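Have a look at the structure below, then the notes.
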There are 2 protein chains.
Amino acid sequence: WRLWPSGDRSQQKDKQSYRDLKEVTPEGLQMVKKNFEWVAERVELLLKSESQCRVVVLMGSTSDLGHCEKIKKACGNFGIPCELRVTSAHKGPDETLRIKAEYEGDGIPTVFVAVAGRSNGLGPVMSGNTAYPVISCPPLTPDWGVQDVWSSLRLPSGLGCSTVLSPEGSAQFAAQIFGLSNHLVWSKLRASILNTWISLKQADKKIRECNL
Amino acid sequence: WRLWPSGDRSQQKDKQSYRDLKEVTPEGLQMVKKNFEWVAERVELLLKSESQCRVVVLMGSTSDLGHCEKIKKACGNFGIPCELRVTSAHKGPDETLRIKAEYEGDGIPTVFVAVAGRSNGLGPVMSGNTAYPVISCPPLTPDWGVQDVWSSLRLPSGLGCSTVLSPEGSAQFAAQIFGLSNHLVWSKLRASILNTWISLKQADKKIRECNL
C-alpha cells in the first residue's frame, strides 16, 4: 500500500520511501527501516474499538421475547452488546423513564429498540423523552399488522422515532448508526454487502446451468 | 300519584289515604293532612343533585381545541362541569400523571376524555394509571382517520379504555355513566330519548304530506 500521515506524501511511511531513493546508502536504509517500524508500532491499534456501542431492546410484554431474541442475536453478529428489558408505557410509564435514565446516564452511546404489539406507545414515549435514537420494531403478524403499524408511523410533531419491521433489519440499522463512529462495526457491514452480492452471483451461476 | 315509602302500601302518603277512609272524621282528615305535609316537606329535595359529576378533557395539542370545545358544550347540556387541560403522553408523561393525580385526589367522581390525534398514547397511558373511566375521542378526519383509529381500539391486556368517535357522543356517554348515580343527569338523557323520538314522528308527518 501507500500510507500518508495527514494526507502528506512527503511523510509517506510505506515502501515507496525505498523505491524513491536515487541511491541506496546505509543512512537511506535506516530511514526506510524507521518508516516500517512506524507502521509496525501502529498497525495493532486497527484491531481496537475507538468508541463503545450498545442496543437496549425494550419490550412491553414477555410474550414478545422470541422477537427480541432475534434482535439480540443479530446484534451479536455486528459485535454490539444488546440488553433486553421489560417495561410498558401504558402500565408503568414512571418505570419506562427510570430505565431510560439508567442507559442515558452512564456515558455509553445507546440505540433503544421499542418492541410493542398492538397500539405502540413505548416507541413514541421513549422517542419524546431521550436525545438518543429510538427504533420501533413492532412484532406484526398478518392478522392485525396492517392496522397496528400506523401507531409506530403517524406521530405528533417533535418526535424522531423511526420504524423498521424486520427484527434482523433493526439490528442492522442500529449497526449502521454505530458504523458512523466504529470502524469495526462499519467493516462488518461493508463485508456483508460484499458477501451477500457474492451469494447472488453464485445462485445465478447455479440456476444458469439448469438453463440447458 | 301513589307514593309508598319503602315500597310499603300501608305507609301510603298520597290521596289514596283519603279515598280509603270508610268514614271521614276530623281525626281522619288530620292523618290525611300529615301525609300531604310529609310529601310537601320532601318534594323540593327532588331538585337537588345527590352526587357530584365532572368530565376532564385532556388534549395532546391546542390545535384540537375546537374538537374539545364541542365536548365541553355538549357536557353543559347535561349540567356536568367540564374542564380542558393540555398534556402529551409522548412529550410530558410525568406531567400527564401529575394532572391525573389532581383529579383523582379531590374526591369528585371524574370521567377523563382523551383527545389525541394520530398515534393516541394519551388514552392508553391514562387508562393504565387510573381506576376512573377513560374515553378516547380522537379528532379523526377522512385523510388518515381509518389508520389513526386503531391506536385507540387495539390495546394491550389490562386496559379498559373505551372509544367514542363523536365528540357530542363522548359527552352523552360520560352523561350515561353519571346517570347511574345522578337522577338529574339521568332525566335529561331520558327526556332527550323522548324529544328525539318526537322529532322523527314530526319529520315523518311533514314528508308524508309531500306524498300526495
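These residue numbers are counts, starting from 1, taken along the chain as shown.
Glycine is no exception: its Cβ is also placed from the backbone N, Cα and C atoms.
Between the listed residues B:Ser61, B:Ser127, B:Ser151, B:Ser187, Swiss-Prot assigns phosphoserine to B:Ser61, with no corresponding entry for the rest in that record. Per Swiss-Prot, the residue from the list B:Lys34, B:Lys73 bearing the note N6-acetyllysine is B:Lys34. The candidates are B:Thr25, B:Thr141; Swiss-Prot tags B:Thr25 with the feature phosphothreonine.
Across the structure, B:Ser61 (phosphoserine) and B:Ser119 (CO2 binding site) place their CA atoms 13 angstrom apart. Proximity to chain A (Cβ-Cβ under 8 A) holds for B:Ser61 out of the modified residues B:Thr25, B:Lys34, B:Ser61. Note: the CA-CA distance between B:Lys34 (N6-acetyllysine) and B:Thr25 (phosphothreonine) rounds to 15 Å. The residues of the region 'Linker' (B:48-53), classed with DSSP into helix (H, G, I), strand (E, B) and coil, number 0 helix, 0 strand, 6 coil. The Cβ of B:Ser119 (CO2 binding site) lies under 8 Å from the Cβ of B:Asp148, B:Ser151, each of these being in the same chain and 6 or more residues away along the sequence. Secondary structure at B:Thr25 (phosphothreonine), taken from DSSP and collapsed to helix, strand or coil, is coil.
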